[PDB]
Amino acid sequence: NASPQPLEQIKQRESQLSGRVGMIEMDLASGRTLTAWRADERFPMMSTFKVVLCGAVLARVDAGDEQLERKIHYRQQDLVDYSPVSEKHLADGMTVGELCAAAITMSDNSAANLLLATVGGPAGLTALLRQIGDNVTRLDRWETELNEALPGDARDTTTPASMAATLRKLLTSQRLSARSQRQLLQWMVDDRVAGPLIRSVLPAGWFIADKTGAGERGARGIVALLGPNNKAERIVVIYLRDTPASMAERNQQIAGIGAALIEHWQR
């Protein structure tokens, strides 16, 4: 039998999680909203901010002010929790491009801090968001304090609608070069830490590019571009907050919301 429409499922899932779910499904070409639930409410970004960060770095590459080959060395003391790539390169350092790849594909936290140093820190990245017309998203702290997710705290938050609009700007507007957009999208295609989320329900032959996040008090989320016939057609942003659910349940609830959108794709 056909499953219920996505909004019916999402309302049910939010009840099961005993928290808030926020999501949007956006047409990539037009920016039209196709599905929305709490899409104007704030949610902690967690590591989903790393797509915006790498976009800001690639804009500096486009301007000739950054080089992906530039080498950065760092200290044991610079390493924050969950740095699976950067903790292996104390002796040899990492290039800016390797740091971007680690930040997106492995969600490496220290890599993101080393890149934040180049774009004016959290305040600088927020100023770049304001420059592209995102008046909502805000980064306030560095890794890992930005994951604190205190209830109601607007620091380090986005809304599903703002994040989707910003991803569309970064990946398809003139704000990044064609080469930079291809590279940002490829890092997201090559995400290695998102298997249990939308990828777990994605039919064969579909395009996927994504970035996950996790934070305190149950915070969890994904940003994704996906579509049939190996072409990106829609942006899907799903955030959870203030839930006591296990990581396994949070992953499967996000996957289930994705499955509902995929099964009801055609309008």
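Residue positions are given as counts along the sequence shown, with the first one as 1.
For the higher mean C-alpha B factor in the entry, choose 37 to 45 or 224 to 232. Comparing 37 to 45 with 224 to 232, the higher average CA B-factor belongs to 224 to 232.
Residue stretch of maximal mean CA temperature factor, 49 to 57 vs 65 to 73: If you average the C-alpha B-factors of 49 to 57 and of 65 to 73, the larger mean comes out for 65 to 73.
Checking the record values for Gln131, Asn147, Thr157, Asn109, which has the greatest CA B factor? Reading the PDB entry, the winner on C-alpha B-factor is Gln131.
Between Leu114, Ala103, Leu79, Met163, let me know which has the highest C-alpha B-factor in the entry? In the PDB entry, the greatest C-alpha B-factor among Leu114, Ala103, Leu79, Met163 is found at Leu79.
Please rank the C-alpha B-factors of the chain's modelled residues and tell me whether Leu125 sits in the lowest, middle or highest third. CA B-factor rank for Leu125: middle third.
Among all modelled residues of this chain, ranked by Cα B factor, put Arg141 in the bottom, middle or top third, i.e. lowest, middle or highest. Lowest third.
Cα B factor band for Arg199 (lowest, middle or highest third within the chain): Answer is middle: the recorded C-alpha B-factor places it there.
Lowest, middle or highest third: where is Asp153 by Cα B-factor in its chain? Tercile = lowest for this residue's CA B-factor.
Relative to the other modelled residues of the same chain, rank the CA B-factor of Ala219 and answer lowest, middle or highest third. As the PDB entry reports it, the C-alpha B-factor of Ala219 lands in the lowest third of its chain.
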